[PDB]
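In the form deposited in one PDB entry, a lone chain appears below as structure tokens.
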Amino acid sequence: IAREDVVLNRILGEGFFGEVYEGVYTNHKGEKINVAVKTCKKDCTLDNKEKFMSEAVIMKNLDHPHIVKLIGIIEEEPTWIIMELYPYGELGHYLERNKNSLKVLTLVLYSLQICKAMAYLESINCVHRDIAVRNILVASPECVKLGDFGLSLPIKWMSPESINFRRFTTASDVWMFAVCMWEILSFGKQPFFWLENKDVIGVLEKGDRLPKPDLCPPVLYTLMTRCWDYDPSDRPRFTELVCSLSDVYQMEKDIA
């Protein structure tokens, strides 16, 4: 990927190692691809420059249909990591904007797609630690992609073991994933929006849970409740949750 083939438009935000730019990449075909161009401050340590590159190293190896895509890497100074963006933006903003036209089967489709992405990460014992609708992009009205645009706390999405002891496992991600589904079925509503972060653990310890979103099928809410078991061992694996969500999707397809 050549630097002249990438035009920068505006600052997307500040990453951990430097600014992230929203740009456009013109390929060999001439078609314009929306991209996020991640940069690293010059004054960083070699250790910090290495940690910056690890995203390019890992992301190059990821090719899952429901995971964000790496477009390329420009190693020559200033080093850029180019990731694909889509014009439909974040899922949270997309859900809010299309709340009146989106059908429940589509919300179950998105839930299943993220579950498939997470079942793959589970296969390689990798933990996301920040499963939330803000970390999901809309590739098309029928395709969502999981990413990680956060800085390595998201209290309102975290399992009790993550809040209490900073323990993060695949089991804790399963909890976060059900919170992500609650956001999808609620059309982008923030979980526990009515609480402060300090109040969350007290409510979970007492046995209180996020209520069923109006449009959420009872079977899907039961699955959400199993992911929110205080005991991490009693939550399903993403691998089996794919089977569970595929059954829910087929029942919703049969209803619609």
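Position 1 is the first residue in the sequence shown; the rest follow in order. We call the rigid core the largest set of C-alpha positions that still match within 1.5 Å between the two forms.
Unshown form deposited in another entry; subsequent notes refer to it.
K.L.:
State which of the options 64, 49, 212, 226 undergoes a Cα shift of 2 Å or more between the shown form and the other one, taking the core as fixed.
P.N.:
The residue that shifts is 49.
K.L.:
Superposed on the rigid core, does the Cα of residue 197 end up 2 angstroms or more away between the shown form and the other one?
P.N.:
For residue 197, whose C-alpha is compared between the shown form and the other one after core superposition, the shift is less than 2 Å.
K.L.:
Aligned on the rigid core, do the two forms place the Cα of residue 236 2 Å or more apart, comparing between the shown form and the other one?
P.N.:
No: residue 236 shifts by under 2 Å between the shown form and the other one.
K.L.:
Superposed on the rigid core, does the Cα of residue 24 end up 2 angstroms or more away between the shown form and the other one?
P.N.:
Yes, the C-alpha moves 2 Å or more.
K.L.:
A 3 angstroms or greater change in CA distance between residue 190 and residue 18 is reported in that other deposited form. Closer or farther than in this form?
P.N.:
Relative to this form, closer in that other deposited form.
K.L.:
Relative to what is shown, are the Cα atoms of residue 31 and residue 88 closer or farther apart in that other deposited form, where the gap shifts by 3 Å or more?
P.N.:
Farther apart, which means the C-alphas of residue 31 and residue 88 are at least 3 Å more distant in that other deposited form.
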